[PDB]
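Student: File name my_file_31.cif; file contents mmCIF, C-alpha atoms; full text below.
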data_upload
#
loop_
_atom_site.label_atom_id
_atom_site.label_comp_id
_atom_site.auth_asym_id
_atom_site.auth_seq_id
_atom_site.Cartn_x
_atom_site.Cartn_y
_atom_site.Cartn_z
CA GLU L 5 -55.27 25.40 -20.48
CA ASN L 6 -53.80 24.92 -16.99
CA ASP L 7 -53.44 21.16 -16.44
CA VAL L 8 -50.40 20.24 -14.33
CA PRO L 9 -51.01 16.41 -14.14
CA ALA L 10 -51.07 16.47 -17.95
CA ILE L 11 -47.56 17.89 -18.01
CA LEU L 12 -46.61 15.42 -15.28
CA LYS L 13 -47.70 12.53 -17.50
CA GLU L 14 -45.91 14.01 -20.50
CA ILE L 15 -42.63 14.37 -18.62
CA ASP L 16 -43.28 10.90 -17.25
CA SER L 17 -43.28 9.80 -20.89
CA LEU L 18 -40.23 12.01 -21.52
CA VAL L 19 -38.04 10.05 -19.09
CA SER L 20 -39.60 6.64 -19.79
CA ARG L 21 -38.13 6.39 -23.27
CA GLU L 22 -34.96 4.46 -23.82
CA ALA L 23 -32.41 6.96 -25.19
CA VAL L 24 -32.92 10.02 -23.00
CA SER L 25 -29.87 12.28 -22.91
CA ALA L 26 -28.78 14.35 -19.94
CA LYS L 27 -30.48 17.57 -21.03
CA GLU L 28 -33.97 16.09 -21.06
CA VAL L 29 -33.24 14.65 -17.61
CA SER L 30 -32.07 18.06 -16.37
CA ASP L 31 -35.09 19.88 -17.75
CA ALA L 32 -37.49 17.24 -16.42
CA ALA L 33 -35.96 17.51 -12.94
CA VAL L 34 -36.11 21.31 -13.09
CA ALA L 35 -39.74 21.14 -14.21
CA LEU L 36 -40.50 18.80 -11.31
CA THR L 37 -38.82 21.21 -8.89
CA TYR L 38 -40.76 24.26 -10.12
CA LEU L 39 -44.03 22.29 -9.98
CA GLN L 40 -43.63 21.10 -6.33
CA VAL L 41 -44.36 17.44 -6.99
CA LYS L 42 -43.52 15.87 -3.60
CA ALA L 43 -46.52 13.51 -3.61
CA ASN L 44 -45.35 11.50 -6.63
CA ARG L 45 -42.11 9.69 -5.87
CA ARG L 46 -42.10 7.32 -8.85
CA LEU L 47 -41.67 10.17 -11.33
CA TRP L 48 -38.75 11.55 -9.32
CA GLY L 49 -37.36 8.03 -9.26
CA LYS L 50 -37.57 7.79 -13.05
CA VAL L 51 -35.73 11.10 -13.33
CA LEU L 52 -33.04 9.88 -10.93
CA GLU L 53 -32.71 6.56 -12.82
CA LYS L 54 -32.20 8.38 -16.10
CA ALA L 55 -29.87 10.83 -14.32
CA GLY L 56 -27.62 8.00 -13.23
CA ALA L 57 -27.87 6.30 -16.61
CA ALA L 58 -26.98 9.36 -18.71
CA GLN L 59 -23.32 9.72 -19.63
CA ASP L 60 -22.63 12.89 -21.62
CA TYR L 61 -22.74 16.02 -19.49
CA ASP L 62 -22.06 19.70 -20.02
CA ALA L 63 -22.00 22.38 -17.35
CA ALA L 64 -25.53 23.78 -17.42
CA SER L 65 -27.36 20.44 -17.53
CA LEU L 66 -25.36 19.09 -14.58
CA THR L 67 -25.92 22.22 -12.51
CA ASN L 68 -29.64 22.41 -13.33
CA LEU L 69 -29.96 18.75 -12.33
CA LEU L 70 -28.07 19.26 -9.08
CA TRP L 71 -30.03 22.42 -8.27
CA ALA L 72 -33.25 20.48 -8.84
CA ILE L 73 -32.01 17.64 -6.62
CA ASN L 74 -31.34 20.11 -3.78
CA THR L 75 -34.43 22.28 -4.16
CA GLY L 76 -36.82 19.38 -4.61
CA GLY L 77 -35.51 17.79 -1.44
CA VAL L 78 -35.00 14.47 -3.21
CA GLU L 79 -32.21 12.21 -2.02
CA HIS L 80 -30.72 9.11 -3.56
CA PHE L 81 -27.10 8.74 -2.52
CA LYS L 82 -25.96 6.44 -5.33
CA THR L 83 -27.15 8.69 -8.15
CA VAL L 84 -25.96 11.94 -6.58
CA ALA L 85 -22.64 10.46 -5.49
CA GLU L 86 -22.07 9.07 -8.97
CA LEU L 87 -22.58 12.58 -10.35
CA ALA L 88 -19.13 13.47 -9.00
CA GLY L 89 -17.70 12.11 -12.25
CA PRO L 90 -19.31 14.80 -14.41
CA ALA L 91 -18.48 17.27 -11.63
CA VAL L 92 -14.76 16.57 -11.32
CA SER L 93 -14.39 16.12 -15.08
CA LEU L 94 -15.94 19.55 -15.76
CA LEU L 95 -14.53 21.55 -12.85
CA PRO L 96 -12.52 24.17 -14.80
CA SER L 97 -15.40 24.27 -17.29
CA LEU L 98 -17.95 25.23 -14.61
CA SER L 99 -18.75 28.87 -13.97
CA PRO L 100 -18.32 30.36 -10.46
CA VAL L 101 -22.05 30.09 -9.75
CA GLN L 102 -22.13 26.69 -11.44
CA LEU L 103 -19.25 25.47 -9.27
CA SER L 104 -21.12 26.83 -6.25
CA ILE L 105 -24.30 24.88 -7.04
CA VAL L 106 -22.31 21.72 -7.87
CA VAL L 107 -20.27 21.71 -4.66
CA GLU L 108 -23.33 22.72 -2.59
CA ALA L 109 -25.39 19.85 -4.00
CA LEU L 110 -22.62 17.27 -3.71
CA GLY L 111 -21.84 18.41 -0.18
CA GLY L 112 -25.39 18.66 1.11
CA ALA L 113 -26.09 15.07 0.12
CA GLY L 114 -22.94 13.78 1.79
CA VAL L 115 -20.75 12.68 -1.11
CA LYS L 116 -17.28 11.75 0.12
CA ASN L 117 -15.18 12.98 -2.80
CA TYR L 118 -11.95 14.55 -1.58
CA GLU L 119 -10.68 15.20 -5.12
CA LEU L 120 -13.79 17.31 -5.73
CA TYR L 121 -13.52 19.32 -2.54
CA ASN L 122 -9.75 19.79 -2.90
CA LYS L 123 -10.04 20.89 -6.53
CA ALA L 124 -12.92 23.13 -5.49
CA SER L 125 -11.03 24.66 -2.55
CA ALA L 126 -8.10 25.44 -4.85
CA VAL L 127 -10.52 27.25 -7.17
CA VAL L 128 -12.11 29.21 -4.32
CA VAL L 129 -8.72 30.32 -2.95
CA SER L 130 -7.29 30.85 -6.44
CA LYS L 131 -10.13 33.13 -7.60
CA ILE L 132 -11.51 34.53 -4.36
CA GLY L 133 -12.42 38.10 -5.32
CA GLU L 134 -14.02 36.73 -8.49
CA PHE L 135 -16.77 34.99 -6.49
CA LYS L 136 -19.98 36.45 -5.13
CA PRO L 137 -20.24 35.76 -1.36
CA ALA L 138 -23.35 33.59 -1.79
CA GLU L 139 -21.19 31.30 -3.92
CA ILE L 140 -18.61 31.44 -1.12
CA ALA L 141 -21.26 30.30 1.35
CA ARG L 142 -22.37 27.55 -1.04
CA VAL L 143 -18.87 26.11 -1.43
CA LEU L 144 -18.39 26.49 2.34
CA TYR L 145 -21.61 24.50 2.88
CA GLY L 146 -20.39 21.84 0.48
CA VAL L 147 -16.86 21.44 1.82
CA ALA L 148 -18.17 21.52 5.39
CA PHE L 149 -20.85 18.91 4.78
CA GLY L 150 -18.60 16.82 2.57
CA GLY L 151 -16.47 15.79 5.52
CA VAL L 152 -13.51 18.03 4.69
CA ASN L 153 -12.09 20.01 7.62
CA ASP L 154 -10.79 22.81 5.43
CA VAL L 155 -9.14 25.56 7.45
CA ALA L 156 -7.89 27.45 4.38
CA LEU L 157 -11.29 27.86 2.72
CA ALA L 158 -12.85 28.78 6.07
CA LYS L 159 -10.32 31.56 6.71
CA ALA L 160 -10.45 32.84 3.12
CA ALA L 161 -14.24 32.92 3.48
CA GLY L 162 -14.01 34.72 6.82
CA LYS L 163 -11.84 37.46 5.34
CA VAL L 164 -14.52 38.03 2.67
CA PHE L 165 -17.28 37.98 5.28
CA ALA L 166 -15.32 40.64 7.16
CA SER L 167 -14.85 42.61 3.92
CA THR L 168 -18.17 42.28 2.07
CA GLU L 169 -21.74 42.87 3.19
CA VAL L 170 -23.60 39.60 2.60
CA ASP L 171 -27.23 38.51 2.41
CA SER L 172 -29.29 36.96 5.20
CA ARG L 173 -29.56 33.59 3.42
CA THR L 174 -25.84 33.73 2.60
CA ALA L 175 -25.09 34.43 6.26
CA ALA L 176 -27.32 31.57 7.42
CA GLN L 177 -25.59 29.18 5.02
CA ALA L 178 -22.14 30.27 6.20
CA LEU L 179 -23.25 29.93 9.84
CA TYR L 180 -24.53 26.41 9.17
CA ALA L 181 -21.29 25.49 7.40
CA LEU L 182 -19.08 26.92 10.14
CA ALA L 183 -21.14 25.14 12.78
CA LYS L 184 -20.77 21.86 10.91
CA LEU L 185 -17.04 22.56 10.81
CA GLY L 186 -17.35 23.65 14.44
CA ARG L 187 -15.30 26.85 14.32
CA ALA L 188 -16.93 29.59 16.46
CA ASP L 189 -14.50 32.19 15.10
CA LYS L 190 -16.06 35.37 16.48
CA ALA L 191 -14.50 37.60 13.80
CA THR L 192 -16.62 35.76 11.22
CA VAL L 193 -19.77 35.15 13.27
CA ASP L 194 -20.34 38.72 14.45
CA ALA L 195 -19.60 39.91 10.92
CA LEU L 196 -22.25 37.49 9.63
CA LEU L 197 -24.80 38.54 12.24
CA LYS L 198 -24.98 42.08 10.87
CA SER L 199 -26.74 40.54 7.86
CA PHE L 200 -29.81 39.64 9.93
CA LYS L 201 -30.89 43.28 9.92
CA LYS L 202 -33.24 43.16 6.92
CA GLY L 203 -35.31 40.40 8.46
CA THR L 204 -35.00 36.88 7.06
CA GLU L 205 -37.08 36.08 3.99
CA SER L 206 -37.03 32.31 4.61
CA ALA L 207 -37.60 30.97 8.12
CA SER L 208 -35.60 27.92 7.09
CA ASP L 209 -32.66 30.33 7.12
CA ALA L 210 -33.56 31.83 10.49
CA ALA L 211 -33.97 28.29 11.85
CA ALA L 212 -30.60 27.31 10.42
CA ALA L 213 -28.92 30.35 11.96
CA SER L 214 -30.68 29.46 15.22
CA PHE L 215 -29.28 25.93 15.12
CA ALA L 216 -25.81 27.13 14.13
CA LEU L 217 -25.65 29.74 16.88
CA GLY L 218 -26.90 27.12 19.31
CA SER L 219 -24.37 24.46 18.39
CA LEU L 220 -21.66 27.11 18.45
CA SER L 221 -23.30 28.50 21.64
CA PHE L 222 -23.02 32.19 20.84
CA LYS L 223 -26.06 34.40 21.52
CA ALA L 224 -29.78 34.83 21.23
CA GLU L 225 -29.89 37.62 18.71
CA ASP E 63 -19.76 -68.44 -61.26
CA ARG E 64 -22.37 -66.08 -62.65
CA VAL E 65 -22.38 -64.26 -59.32
CA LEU E 66 -18.80 -63.10 -59.82
CA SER E 67 -19.76 -61.01 -62.86
CA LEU E 68 -22.42 -59.12 -60.94
CA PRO E 69 -21.24 -55.95 -59.17
CA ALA E 70 -19.75 -56.98 -55.84
CA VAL E 71 -20.85 -53.77 -54.15
CA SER E 72 -24.28 -54.57 -52.75
CA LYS E 73 -27.34 -52.38 -52.99
CA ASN E 74 -27.01 -52.02 -49.22
CA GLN E 75 -23.51 -50.62 -49.59
CA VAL E 76 -24.66 -48.19 -52.27
CA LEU E 77 -27.56 -47.08 -50.08
CA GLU E 78 -25.22 -46.57 -47.12
CA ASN E 79 -22.42 -44.83 -49.03
CA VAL E 80 -24.83 -42.55 -50.90
CA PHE E 81 -27.16 -41.65 -48.02
CA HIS E 82 -24.46 -41.56 -45.39
CA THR E 83 -25.79 -38.82 -43.06
CA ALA E 84 -29.41 -38.01 -42.26
CA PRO E 85 -29.72 -34.57 -43.89
CA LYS E 86 -30.69 -31.48 -41.96
CA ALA E 87 -34.25 -30.33 -42.44
CA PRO E 88 -34.67 -26.60 -43.19
CA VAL E 89 -37.39 -26.20 -40.53
CA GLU E 90 -34.99 -27.33 -37.79
CA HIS E 91 -33.22 -23.96 -37.92
CA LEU E 92 -36.57 -22.18 -37.63
CA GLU E 93 -37.88 -24.21 -34.71
CA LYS E 94 -34.59 -24.10 -32.78
CA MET E 95 -33.91 -20.39 -33.22
CA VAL E 96 -37.58 -19.63 -32.51
CA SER E 97 -37.48 -21.61 -29.27
CA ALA E 98 -34.38 -19.64 -28.23
CA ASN E 99 -35.52 -16.21 -29.41
CA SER E 100 -38.65 -16.82 -27.36
CA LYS E 101 -36.30 -16.68 -24.37
CA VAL E 102 -34.67 -13.56 -25.82
CA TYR E 103 -38.18 -12.09 -26.07
CA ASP E 104 -39.13 -13.21 -22.57
CA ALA E 105 -36.16 -11.71 -20.80
CA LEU E 106 -35.58 -8.58 -22.83
CA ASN E 107 -38.69 -6.94 -24.27
CA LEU E 108 -40.54 -4.58 -21.78
CA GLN E 109 -43.84 -6.29 -22.62
CA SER E 110 -43.11 -9.85 -21.54
CA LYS E 111 -44.60 -11.26 -18.37
CA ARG E 112 -41.15 -12.17 -17.02
CA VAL E 113 -38.87 -9.30 -17.94
CA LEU E 114 -35.43 -9.06 -16.42
CA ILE E 115 -35.46 -5.26 -16.27
CA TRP E 116 -36.78 -5.20 -12.70
CA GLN E 117 -34.32 -7.86 -11.55
CA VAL E 118 -31.41 -6.01 -13.14
CA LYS E 119 -32.07 -2.27 -12.80
CA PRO E 120 -34.48 -2.58 -9.90
CA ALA E 121 -36.67 0.56 -9.54
CA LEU E 122 -36.60 3.86 -7.68
CA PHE E 123 -39.82 4.27 -5.74
#
Could you render the structure from this file as structure tokens?

Tutor:
Amino acid sequence: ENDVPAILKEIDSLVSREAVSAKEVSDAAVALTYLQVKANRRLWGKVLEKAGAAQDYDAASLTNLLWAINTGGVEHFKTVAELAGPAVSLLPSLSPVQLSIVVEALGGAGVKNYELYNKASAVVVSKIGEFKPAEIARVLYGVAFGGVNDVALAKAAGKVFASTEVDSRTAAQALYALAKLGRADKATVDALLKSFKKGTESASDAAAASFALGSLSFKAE
Amino acid sequence: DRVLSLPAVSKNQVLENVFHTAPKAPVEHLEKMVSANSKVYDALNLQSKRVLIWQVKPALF
């Protein structure tokens, strides 16, 4: 009744057939993420092959695929960087949280797509109060790690981080993004360090805030 | 001159104006298209020993 290599072989046979659409690819990648399958690389490679091969894309399949690519820790630059086509073609059609996961996944891999980050920055500064601050930190992570030195998005994020109380993981993401940008604006950093008062639920996030406060050379907190 | 009342067109000329081209056998189409579709099978099947699918869309290991 609980056989996980059986479902691994059945989703291996799901993405080994010849006419797999994008939604089966998305759900297979999401099922591989939730199952923590880091030993088997060939199955992740089949999912990435069919992810690059698939052509039709709606919002939710693309964002579930990109979320799975982040969270699984899988990287293949050609497939992820060729997913900027479905991203930039569906950018008004993406929700705020969907735009956050798309720009976070395409920034964290290193895709150099200045149309995507410009048309994402215009959306974040056009609808700024409409976004949850974790989505603000996700787009800040993406535009920072996508090679765009965006002052406008950084300042419009810093005003929100002065205005809104944010989460610990959100603060760690914004610290990592501002350290990649190399800003050290104290009016944002000390506002983001009042969010490490609950404790940090993921020590990846405490480690990332450690590295960001070290590269920006602020404090031991 | 009895020979001038015989038909002047020889039996050779009849046999070379009637059977002018060597006709195409029907099994030639089968054997030629089979020897070429064997190459279509070899390159493009997913069960052949020499498939092109790993030389064309390599892998992702």

Student: Take the PyMOL selection byres ((chain E) within 10 of (chain L)), apply it to the structure above, and return the hits as an MDAnalysis selection string.

Tutor: chainID E and resid 119:123

Student: Could those selected residues go to a file with C-alpha atoms, as a PDB file, in the frame of the given file?

Tutor:
ATOM      1  CA  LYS E 119     -32.070  -2.270 -12.800  1.00  0.00           C
ATOM      2  CA  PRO E 120     -34.480  -2.580  -9.900  1.00  0.00           C
ATOM      3  CA  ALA E 121     -36.670   0.560  -9.540  1.00  0.00           C
ATOM      4  CA  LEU E 122     -36.600   3.860  -7.680  1.00  0.00           C
ATOM      5  CA  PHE E 123     -39.820   4.270  -5.740  1.00  0.00           C
TER       6      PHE E 123
END

Student: On this structure, which residues satisfy the PyMOL selection byres ((chain L and resi 18) around 12), written as a PyMOL selection string?

Tutor: chain L and resi 11-17+19-33+35+47+50-51+54

Student: One decimal, in Å: what's the spacing between atom CA of residue 172 of chain L and atom CA of residue 191 of chain L?

Tutor: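 Atom CA of residue 172 of chain L sits 17.1 Å away from atom CA of residue 191 of chain L.
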
Student: Hey, which of L:78, L:64, L:39, L:115 ends up closest to residue 147 of chain L? Count only C-alpha atoms.

Tutor: L:115

Student: For atom CA of residue 207 of chain L and atom CA of residue 75 of chain L, determine how far apart the two atoms are, in Å to one decimal place.

Tutor: 15.4 Å

Student: Could you check the closest approach to residue 91 of chain L for each of L:9, L:137, L:111, L:151 and tell me which residue wins, using only C-alpha atoms?

Tutor: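 Result for the nearest residue to residue 91 of chain L: L:111.
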
Student: Name the residues that the PyMOL selection byres ((chain L and resi 138) around 10) picks from the file above, as a PyMOL selection string, using the file's chain letters and numbers.

Tutor: chain L and resi 101+104+135-137+139-144+170-175+177-178

Student: Calculate how many Å separate atom CA of residue 64 of chain E from atom CA of residue 81 of chain E, rounding to one decimal.

Tutor: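 Straight-line distance from atom CA of residue 64 of chain E to atom CA of residue 81 of chain E works out to 28.9 Å.
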
Student: Would you kindly return, as a short mmCIF file (atom, residue, chain, number, x, y, z; two decimals) with C-alpha atoms, in the frame of the given file, each protein, DNA or RNA residue with an atom no farther than 12 Å from any atom of residue 223 of chain L, considering all atoms listed in the file and excluding same-chain residues fewer than 6 positions away?

Tutor:
data_model
loop_
_atom_site.label_atom_id
_atom_site.label_comp_id
_atom_site.auth_asym_id
_atom_site.auth_seq_id
_atom_site.Cartn_x
_atom_site.Cartn_y
_atom_site.Cartn_z
CA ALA L 188 -16.93 29.59 16.46
CA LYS L 190 -16.06 35.37 16.48
CA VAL L 193 -19.77 35.15 13.27
CA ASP L 194 -20.34 38.72 14.45
CA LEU L 197 -24.80 38.54 12.24
CA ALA L 213 -28.92 30.35 11.96
CA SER L 214 -30.68 29.46 15.22
CA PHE L 215 -29.28 25.93 15.12
CA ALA L 216 -25.81 27.13 14.13
CA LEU L 217 -25.65 29.74 16.88
#

Student: Considering all atoms listed in the file, state which residue in the set L:157, L:211, L:63, L:126 is at the smallest distance from residue 90 of chain L.

Tutor: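 Closest to residue 90 of chain L of all the choices is L:63.
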
Student: Counting only C-alpha atoms, select every polymer residue within 12 Å of (-30.6, 19.1, -3.4) as defined in the file's coordinates, and provide the selection as a PyMOL selection string.

Tutor: chain L and resi 33-34+37+67-81+83-85+105-115+146

Student: Got time to write the residues from that selection, C-alpha atoms, as a tab-separated table (two decimals), in the coordinates of the input?

Tutor:
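Contents of result_33.tsv, freshly written:
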chain	number	residue	atom	x	y	z
L	33	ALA	CA	-35.96	17.51	-12.94
L	34	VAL	CA	-36.11	21.31	-13.09
L	37	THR	CA	-38.82	21.21	-8.89
L	67	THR	CA	-25.92	22.22	-12.51
L	68	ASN	CA	-29.64	22.41	-13.33
L	69	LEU	CA	-29.96	18.75	-12.33
L	70	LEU	CA	-28.07	19.26	-9.08
L	71	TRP	CA	-30.03	22.42	-8.27
L	72	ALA	CA	-33.25	20.48	-8.84
L	73	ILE	CA	-32.01	17.64	-6.62
L	74	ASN	CA	-31.34	20.11	-3.78
L	75	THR	CA	-34.43	22.28	-4.16
L	76	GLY	CA	-36.82	19.38	-4.61
L	77	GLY	CA	-35.51	17.79	-1.44
L	78	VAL	CA	-35.00	14.47	-3.21
L	79	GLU	CA	-32.21	12.21	-2.02
L	80	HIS	CA	-30.72	9.11	-3.56
L	81	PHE	CA	-27.10	8.74	-2.52
L	83	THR	CA	-27.15	8.69	-8.15
L	84	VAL	CA	-25.96	11.94	-6.58
L	85	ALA	CA	-22.64	10.46	-5.49
L	105	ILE	CA	-24.30	24.88	-7.04
L	106	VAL	CA	-22.31	21.72	-7.87
L	107	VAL	CA	-20.27	21.71	-4.66
L	108	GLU	CA	-23.33	22.72	-2.59
L	109	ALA	CA	-25.39	19.85	-4.00
L	110	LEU	CA	-22.62	17.27	-3.71
L	111	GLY	CA	-21.84	18.41	-0.18
L	112	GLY	CA	-25.39	18.66	1.11
L	113	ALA	CA	-26.09	15.07	0.12
L	114	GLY	CA	-22.94	13.78	1.79
L	115	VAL	CA	-20.75	12.68	-1.11
L	146	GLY	CA	-20.39	21.84	0.48

Student: For a quick check of understanding, using all atoms listed in the file, which of L:225, L:5, L:86, L:209 has the smallest distance to residue 117 of chain L?

Tutor: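 Using all atoms listed in the file, residue 117 of chain L sits closest to L:86.
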